[PDB]
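There are 2 protein chains.
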Amino acid sequence: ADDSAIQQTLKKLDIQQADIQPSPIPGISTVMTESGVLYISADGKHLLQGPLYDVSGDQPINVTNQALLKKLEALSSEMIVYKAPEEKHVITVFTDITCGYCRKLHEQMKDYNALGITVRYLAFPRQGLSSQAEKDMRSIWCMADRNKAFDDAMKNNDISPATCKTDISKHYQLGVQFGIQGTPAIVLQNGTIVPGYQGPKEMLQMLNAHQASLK
Amino acid sequence: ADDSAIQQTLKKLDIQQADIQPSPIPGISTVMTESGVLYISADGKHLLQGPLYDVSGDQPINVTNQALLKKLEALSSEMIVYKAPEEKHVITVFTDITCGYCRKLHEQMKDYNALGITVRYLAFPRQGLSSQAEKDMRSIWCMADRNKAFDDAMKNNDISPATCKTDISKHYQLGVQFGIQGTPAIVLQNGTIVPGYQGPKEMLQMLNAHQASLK
Ligand SMILES: OC[C@H]1O[C@@](CO)(O[C@H]2O[C@H](CO)[C@@H](O)[C@H](O)[C@H]2O)[C@@H](O)[C@@H]1O
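Chains B and A, in that order, give the protein sequences.
According to PDB author numbering, the first sequence holds residues 21 to 235 in order.
According to PDB author numbering, the second sequence holds residues 21 to 235 in order.
Set out below in C-alpha cells:
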C-alpha cells in the first residue's frame, strides 16, 4: 500500500492526477492516467500499457475495460439519454457534434428507439480538449435540458455559450482510457468498444447477436 | 517448475511456436510470438501486450526492443552487407525488392557507403510469406553471393528460383515483432526503428544526431 515509488516514477515521467489502484497481478498496480491506463510494478521500475487480459477462463476477459465500466457508470448523471419506449438494449455512445457520422446517427434517433435501443451520449471531441467542439459541447452539457440543446446543435442551429461545474473533459479522458480513437464509438453493456457508425437495422442485428439480453 | 501453465494458455489462444523467455518482472514471462511480444504471468492467468519499459532511470528504456535487437544481431550471418570503406555508421534495413522506395534507396548504395554508412539487409516481403516477393527474396538470400543476387534483382533481372538450408521467415517475423509497417524500415544500433526512406545526406545527419559514432 506504499505507492510512493510509483508516484515518484509518475513525477519523473511528468504524469499528473493519476489514480493508482491494485491489479490482479501481485506487485503490479493499475495506474489510470488522463491519456491511458498503465500497469506499473510496485517498485516504480517497470511499465506496460493497457489493456490487461484475464485469459484464465474459456474466453479472454478485458480486465481494464471491466474496471472502466464503473467509471462509465459514475457519469450516468452527465449522460444525455435518449430512452426507447420499450427498451431491448442500452448503448453508450461517445459522440462529437462536429462529426458527420455522429450527425447521421443522431438524425435517426427515433428509429433506434423504435427498435428498442436506448442511446446514452458522452462528449468526445475528436480534435481534443482545446477544440471549439469541446467548448460547444460544454455549453450543451450545461443546459437544463441537454436533450433539446443536443438536438438543436445537431440541427446546425446556433449554440448559446454556457459554463457550469460539469467537466466533460472527464468524458474525453474515459474515452481515451477505453482505447477509443474516433467517433462515434459504441460501448456495449458487456464492455466491448465498437468503433464507427451503424444504422438502426445493423445496430439491432449486432446487439442481438453480441449483446446478451436476458428477455 | 516449468512453463506448463503458460503453454496451456498459449494453446487456448491458438498461439503456436511461441518462445518463452525471462522478463525483468518477477512472475511475468516474455513470450515472443510470430506476430509480436506478449507478457504473461507465470500461472498463465494474465496477459499484457508489449512493449515493456524500464522507467527506473533518467530516461525510459524500451526493454522489449532491446530484446528484439538481440535477435536482430543473431541474424547477422543472414544479412546482405554493403560495407562502407571508412565505416562511421551501421544501419540494418528491412527491405522488399518490390518496393519502389527500397529500390530508390538501393540505387544510392555507393552514396551511403561513401558517407561512411554501412547498410545491412534483412528481407521483409510486405505481401507476406506466401507471396512471390517471398520466393524471390528467399532465392536471393540462398545464393553464395547475396550481394550480387540482390544487386541484379534491383536491376530487374530475372531471379532464378533457388532454395537452400534456410528461408527468410525469421526475417519477416522479426520485422513484424519490431512492429514495422512498411519498407524500407531502418533499425539503428540503439534499437530505434525509423520508418521509411531517407536519402544519403538526410540519413547521415539523422545518424550523427541520434546515434553517436564514438570512434
Ligand atoms: O543455406 C544458407 C545458410 O548457410 C549459411 C551458413 O550457415 O550461409 C552460407 O550460405 C549462404 C547462401 O548460399 C551464403 O550466401 C553465405 O555467404 C554462406 O556463408 C547461412 O548464413 C544460411 O542460413
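Heads up, the beta-carbon is just placed ideally off N, CA and C, and yes, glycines get one too.
Which residues does DSSP list as the beta-bridge partners of residue i?
| i | result |
| --- | --- |
| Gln201 (chain B) | Bridge partners of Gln201 (chain B): none, in fact. |
| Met226 (chain B) | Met226 (chain B) pairs with nothing; no bridge assigned. |
| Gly56 (chain B) | B:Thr53 |
| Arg140 (chain A) | A:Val101, A:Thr112 |
| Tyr73 (chain B) | B:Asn82, A:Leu67 |
| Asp39 (chain A) | A:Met52 |
| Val196 (chain A) | For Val196 (chain A), which the question treats as bridged, DSSP gives no partner whatsoever. |
| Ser233 (chain A) | Beta-bridge pairing links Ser233 (chain A) to no other residue. |
| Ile213 (chain A) | A:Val207 |
Whose C-beta lies closer than 7 Å to the C-beta of residue i among residues of the same chain, with five residues either side of it excluded?
| i | result |
| --- | --- |
| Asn85 (chain A) | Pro71, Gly211 |
| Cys162 (chain A) | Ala182, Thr183, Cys184 |
| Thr53 (chain B) | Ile35, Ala38 |
| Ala169 (chain A) | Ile160, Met163 |
| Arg158 (chain B) | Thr183, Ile188 |
| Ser61 (chain B) | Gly47, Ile48 |
| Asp156 (chain A) | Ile117, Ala173, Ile179 |
| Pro42 (chain B) | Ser49, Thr50 |
| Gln231 (chain B) | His109, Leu208, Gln209, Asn210 |
Going along chain B in order, which residues have a C-beta closer than 8 Å to the C-beta of residue i?
| i | result |
| --- | --- |
| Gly47 (chain A) | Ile45, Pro46, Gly47 |
Excluding sequence positions up to five away, which residues of its chain have a Cβ less than 6 Å from the Cβ of residue i?
| i | result |
| --- | --- |
| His191 (chain B) | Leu142, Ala143 |
| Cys119 (chain A) | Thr203 |
| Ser180 (chain B) | none |
| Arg166 (chain A) | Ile100 |
| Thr29 (chain B) | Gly64 |
| residue 1 (chain A) | No statement about residue 1 (chain A) is possible, as the shown extent of chain A runs from 21 to 235 and does not include it. |
| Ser151 (chain A) | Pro145 |
| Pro80 (chain B) | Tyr73 |
Grab me the residues of residue i's own chain with a C-beta within less than 8 Å of its C-beta, minus the 5 sequence neighbours each way, in chain order.
| i | result |
| --- | --- |
| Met226 (chain B) | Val214, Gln218 |
| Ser189 (chain A) | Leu149 |
| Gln128 (chain A) | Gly219, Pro220 |
| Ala153 (chain B) | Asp116, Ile117, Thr118, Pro145, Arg146, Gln147 |
Taking C-beta pairs closer than 9 Å, name the residues in chain B that residue i reaches, listed in chain order.
| i | result |
| --- | --- |
| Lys65 (chain A) | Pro44, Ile45, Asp74, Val75, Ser76 |
Are the CB atoms of residue i and residue j nearer to each other than 8 Å?
| i | j | result |
| --- | --- | --- |
| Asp74 (chain B) | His66 (chain A) | yes |
| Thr50 (chain A) | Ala104 (chain A) | no |
| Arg123 (chain A) | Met174 (chain A) | yes |
| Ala21 (chain A) | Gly64 (chain A) | no |
| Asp23 (chain A) | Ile40 (chain A) | yes |
| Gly56 (chain B) | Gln197 (chain B) | yes |
| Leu194 (chain A) | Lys108 (chain A) | no |
| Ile111 (chain B) | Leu208 (chain B) | yes |
| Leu68 (chain A) | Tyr59 (chain B) | yes |
| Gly199 (chain A) | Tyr121 (chain A) | no |
| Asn82 (chain B) | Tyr102 (chain B) | no |
| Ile206 (chain A) | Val113 (chain A) | yes |
| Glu106 (chain B) | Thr186 (chain B) | no |
Give the interface partners of residue i over in chain B, defined as CB-CB distance under 7 Å, in chain order.
| i | result |
| --- | --- |
| residue 244 (chain A) | In the structure displayed, chain A extends from 21 to 235; residue 244 (chain A) sits before or after that span and is not available. |
Show which residues of chain A have a CB atom less than 7 Å away from the CB atom of residue i.
| i | result |
| --- | --- |
| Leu68 (chain B) | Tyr59, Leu68, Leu72 |
Along the segment 29-42 of chain A, where does the CB come closer than 9 Å to a CB of chain B? Name the residues. Sequence-ordered contacts of the segment 29-42 of chain A with chain B read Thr29, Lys32, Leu33 [C-beta pairs closer than 9 Å].
If the cut-off is 9 Å on Cβ atoms, which residues from the segment 92-124 of chain B count as contacting chain A, listed in chain order? Of all residues in the segment 92-124 of chain B, none has a Cβ within less than 9 Å of some Cβ in chain A.
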